[PDB]
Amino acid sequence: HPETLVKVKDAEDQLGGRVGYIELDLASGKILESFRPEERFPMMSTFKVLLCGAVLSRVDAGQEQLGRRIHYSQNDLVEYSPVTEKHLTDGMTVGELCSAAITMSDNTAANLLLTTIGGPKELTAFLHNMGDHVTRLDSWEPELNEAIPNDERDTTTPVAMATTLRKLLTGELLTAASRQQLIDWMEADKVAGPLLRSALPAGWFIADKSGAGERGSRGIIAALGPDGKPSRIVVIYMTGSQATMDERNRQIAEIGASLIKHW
């Protein structure tokens, strides 16, 4: 496997569109390497981690409980809701909704959680308020996956997302319990098998969240490291090609193989 930045540029060569990449040291926050760090990419389902950050912040502020059961109708269901579609009678707790949104990419679960915080506008305010003046959520699922227009809506940058993820996971913004719950959900991710996880050696820790959108869009955010503990943050986004799902998966896995090999 080639050097990581070479592999990233190669992925872009093969896919077309743009590929963005950043690797951060978790302990220090220092940027180790990057490519297109400050360019915008659609967040796609990766936003669901930030959403649950906002939910946990409200729990920490005594405004929400993870045990609170939410009921909803079949009319609330949108595409890609593999968990929520199974609980129309019994409903789901806020904590269960976050697990579904993060670990299964459940869209209705995300929408229901957005409602609890006051919508995409309030998620953006939450981000602005913790120091992220770049990332913006403008739409609900499943419209936010349009990857254009309109036009910088529903976007982040690799460095914005990486910095914000780091603050959520290790900063004093959330309580220790809440930081732990957020990473626990990400560690339990069920649908990112073919991505960074495919290149992960035995004994390593990974907590991640993937996403997919229109116009060749794919992405992953991760905290990972050897010896069962995370030590670096990795964010990879891609958009603006006609690449099939399999090919986009392959390039991300190959970037992963590279950054592990050249750790």
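Residues carry their position along the shown sequence, with the first being 1.
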Between 77-85 and 148-156 (mean CA B-factor, as deposited), the higher: 148-156
Can you tell me which stretch has the higher mean Cα B-factor, 238-246 or 17-25? 238-246
Out of 53, 194, 219, 228, which shows the largest CA B-factor listed in the entry? 228
Which of these has the highest Cα B-factor in the record: 104, 186, 173, 109? 173
For residue 208, the third of its chain into which the C-alpha B factor falls: lowest
Lowest, middle or highest third: which one holds residue 113 when the chain's residues are ordered by CA B-factor from the entry? lowest
Considering every modelled residue of the chain and its Cα B-factor in the PDB entry, is residue 131 in the lowest, middle or highest third? middle
Chain-relative CA temperature factor third for residue 179: lowest
Within-chain third of residue 91 by Cα B-factor, per the entry: highest
